[PDB]
Amino acid sequence: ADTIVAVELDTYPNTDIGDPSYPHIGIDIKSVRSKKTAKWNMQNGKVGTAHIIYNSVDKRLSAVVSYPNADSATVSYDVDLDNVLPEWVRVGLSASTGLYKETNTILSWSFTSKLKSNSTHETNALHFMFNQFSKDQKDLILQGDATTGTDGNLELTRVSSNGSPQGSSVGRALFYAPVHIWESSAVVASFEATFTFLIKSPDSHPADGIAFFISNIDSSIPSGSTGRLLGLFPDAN
Ligand SMILES: [Ca+2]
Ligand SMILES: [Mn+2]
């Protein structure tokens, strides 16, 4: 199976797999059962922003999610990602719906990784920023139902022509180039990610959520990962 580290924006509480009884943000280390969660006052139909940060000295994966005019939600988990992830990874966004549904629209996405080595004022770095997506976005690997270009957005899950989100959908977008998160001469490794999202649902119970994830470079959507598994995991272990 894939190796997955993710920050989940979980819109639907599945209490039998350890979700709290409310929408929440969580840190997932190789399991959909988050190592840490925090309550998330999700807003149907409003544009939100998520930030993810980590560095190899502090070994703490942290995330913050907010909306304009509202307080934020934050979650952190102490973990050495070099003991979890391989040396080369791909980064991406994932989303799903199940019997309950929502739009999982990405309006922008940025990522920065830095490897600071032993040699004088070195730094290896990768940075990308999307503030709009075109219909043929060649530097994204789209998987499942994900599409780009509709209103210049990245639609991670299926939406009808009338704009209604569809259930039982799963889709991901990974940045085309592999990302180097560890090197033998590196003295500090760090990354940060930001994405803005629009989760819209005609229903009182939207599902299932959006995640920023880091994976083995050849990661693909696991079989049966619609719904609560967020397109990231093959089971709820
Ligand atoms: Ca859930
Ligand atoms: Mn959850």
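Residues: numbered from 1 along the sequence shown. Numbering of ligands and ligand atoms starts at 1, following listing order. Note: hydrogens, waters and symmetry copies are ignored here, and every other heavy atom, side chains too, is used.
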Student: State plainly whether the residues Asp208 and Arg228 are in salt-bridge range, i.e. N to O under 4.0 Å.
Tutor: no

Student: Mind running ring-ring contact (aromatic ring centres under 6.0 Å, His included) on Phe175 and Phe111 for me, showing each step along the way?
Tutor: CA-CA 10 Å; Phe175 189 66; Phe111 174 85; 8.0 Å; no

Student: Got a sec: is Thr11 within less than 3.0 Å of the Ca ion (ligand 1) via an N/O/S atom?
Tutor: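 Here the distance criterion (N, O or S atom, under 3.0 Å) is not met by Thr11, so no.
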
Student: Can you name the N, O or S atom of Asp19 that is closest to the Ca ion (ligand 1)?
Tutor: OD2

Student: Consider only side-chain N and O atoms of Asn41 and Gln43, and report whether a donor and an acceptor are under 3.5 Å apart.
Tutor: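 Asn41 vs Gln43: no donor-acceptor pair found between side chains.
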
Student: At the Ca ion (ligand 1), what's the angle from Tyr12 O to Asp10 OD1, rounded to 10 degrees?
Tutor: 70°

Student: At the Mn ion (ligand 2), what is the angle formed between atom OE2 of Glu8 and atom OD2 of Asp10, rounded to the nearest 10°?
Tutor: 100°

Student: Relative to each other, are the rings of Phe197 and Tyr67 parallel, tilted or perpendicular (30° and 60° limits)?
Tutor: perpendicular

Student: Return the orientation label for the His24 and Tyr22 ring planes: parallel under 30°, perpendicular over 60°, tilted otherwise.
Tutor: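 Judged by the thresholds at 30° and 60°, the geometry between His24 and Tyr22 is perpendicular.
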
Student: Once rounded to 10°, what is the value of the angle centred on the Mn ion (ligand 2) between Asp19 OD1 and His24 NE2?
Tutor: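 If I round to 10°, I get 90°.
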
